[PDB]
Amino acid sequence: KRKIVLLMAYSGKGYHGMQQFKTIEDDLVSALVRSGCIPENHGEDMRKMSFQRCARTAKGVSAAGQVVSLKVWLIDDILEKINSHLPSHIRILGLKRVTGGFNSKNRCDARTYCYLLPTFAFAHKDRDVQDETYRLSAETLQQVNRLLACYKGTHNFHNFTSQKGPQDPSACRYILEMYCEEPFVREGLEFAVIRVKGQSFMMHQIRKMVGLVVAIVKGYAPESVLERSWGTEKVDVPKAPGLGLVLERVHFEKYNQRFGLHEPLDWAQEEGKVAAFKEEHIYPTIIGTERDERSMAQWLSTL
């Protein structure tokens, strides 16, 4: 009855992707059914409400700004309703009324991800402290950033995914920005955040991009391998865990220079919520997982 676009956020842990455990969409559909937004048959076959997501986030991957689009009964106080049938770690942050022909998946352009990791993924395997007390130096952070900056621009990223040959056009991808933020300490443990904006991403690309920069900084490999990895010959690139991977923003920067959308598509009023959900549900869960289960310490021992 009224096609809409939802801005939503979630903690990835305990789910099996967006689309053996339940998925993010299972919780949402359940909430959509219970709120009265959609009929049961529409939940059984999501095509009937024309459901679309922008990012098929993988197992364990979180999101601060996932975007979906669908037809619903536009009930009173719809946001509160849907949210009242959802857990804490899943939130519908915003609603925008949109034209019926709209498809969020196809009409979006760039993507921004985040990677939250303990800082000992950057400790040199010989000259740095080898326990939890390690603290990222300004020199090393600088190395990390210069390395991440080498990714900027266009490249043949075939070595950062799989099942794609070097001559394959779809293997080429475009990175807009990539860097690491200044570290912070939560209860004796230090972490840091990596941000990456790309026009589009392939399977494991970000995880492999981060895995390689980790392998270099730690000193398991020389800087040379970064430029080598773009050559046609195959190079086994280390794939970092997906635990700290966070979909941050789905962009529509090129939407108007291509279309002209019953109301504009920016989430400016929801920004305080966006940050809040990140600080309350996304970040502490990742931190809690590294503290108790040691995802990163385990993956590091495999290099």
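Numbers for residues come from their place in the sequence shown, where the first is 1.
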| property | result |
| --- | --- |
| Unmodelled deposited residues between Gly260 and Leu261, binned | 1 to 3 |
| Where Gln19 meets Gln20 in the shown sequence, the number of deposited residues left unmodelled | 4 to 9 |
| Residue range whose averaged C-alpha B-factor is higher in the record, 104 to 112 or 191 to 199 | 104 to 112 |
| Mean C-alpha temperature factor, higher of 3 to 11 and 294 to 302 | 3 to 11 |
| Maximum C-alpha temperature factor, selected from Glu132, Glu177, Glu181, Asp168 | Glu132 |
| From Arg146, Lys164, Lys208, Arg186, residue of greatest CA B-factor | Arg186 |
| Third of chain Cα B-factors occupied by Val274 | middle |
| Chain-relative CA temperature factor third for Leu28 | lowest |
| Chain-wide C-alpha B factor ranking for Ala63, given as lowest, middle or highest third | lowest |
| Modelled-residue ranking by C-alpha temperature factor, third containing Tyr151 | lowest |
| Third of the chain's Cα B-factor distribution that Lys48 belongs to, per the entry | highest |
